[PDB]
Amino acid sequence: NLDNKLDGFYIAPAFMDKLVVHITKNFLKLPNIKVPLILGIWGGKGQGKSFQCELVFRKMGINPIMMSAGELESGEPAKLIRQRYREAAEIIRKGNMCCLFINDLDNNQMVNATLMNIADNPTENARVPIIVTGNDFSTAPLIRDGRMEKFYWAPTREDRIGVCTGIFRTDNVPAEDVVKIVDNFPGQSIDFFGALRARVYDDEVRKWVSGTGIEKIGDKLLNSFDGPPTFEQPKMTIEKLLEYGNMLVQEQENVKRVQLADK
């Protein structure tokens, strides 16, 4: 029900209600319900699950306290959680909303255990909603049973079109156009479409290069007084898009071939 578009970007309104509400819930004292502190987000493969989070956070003006998984690998594993919690908490405990956004997973006995002890109370303290992302939250079990929420994000076709409109806002493309390609290219990531749009730019440069002297480029590009030759953004027309989309798919399908046949 709440407004899910943001700086030309789209947000899956199921994903939004889940996160927004998970968050605002942990700031309230609402009667006779145990509110889970941490919300673990899984699924939404190909779709920008982390990016959706970022989107939501900006939409509330939360500068989350980020963390990486590679950081929680390399003292660090336990400590850095407590400290990154406290950091967020001190933000919240000065004012304005904050949350600890822990991101990605695929040592662990501990990382769990620190969650469990931290889930049991604040501990001067503070109340900070943790958000986590992964693939599937395996062996969470004791804190799912206890005090955490798993959330499988099943994006719609609607969500894909939305995320996809995001990618092309810049190039003023019919809502129609976006619908045709997404439909035309099912089970492809958002990475696919980024790649597609980038492939159109690429080609233009390739034409420029090939055109205006491979040998005499570094100059026209550097030791010129008029600067680099400032490029005009290529019109992202539909037939362009389709041609490029199959092209990329053939290529994909081909790397799979050379991969499995070399292996």
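The first residue of the shown sequence is 1; numbering continues from there.
The gap between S74 and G75 holds 1 to 3 unmodelled residues of the deposited sequence.
Missing deposited residues between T170 and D171: none, as the chain runs unbroken there. Of the two stretches examined, 107 to 115 and 162 to 170, the record assigns the greater average C-alpha temperature factor to 107 to 115. Stretch comparison (187 to 195 versus 78 to 86) by mean CA B-factor in the PDB entry places 78 to 86 on top. By the numbers in the PDB entry, the CA B factor is greatest at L142 among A154, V178, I131, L142. Per the PDB record, residue ranking by Cα B-factor puts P228 in the middle third of the chain. Ranked by C-alpha B-factor against the other modelled residues of its chain, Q52 falls in the lowest third. When all modelled residues of the chain are sorted by CA temperature factor, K150 is found within the lowest third. Ranked against the other modelled residues of its chain, the C-alpha B-factor of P31 as given in the entry falls in the middle third. Annotation for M60: C-alpha temperature factor in the middle third relative to the rest of the modelled chain, per the entry.
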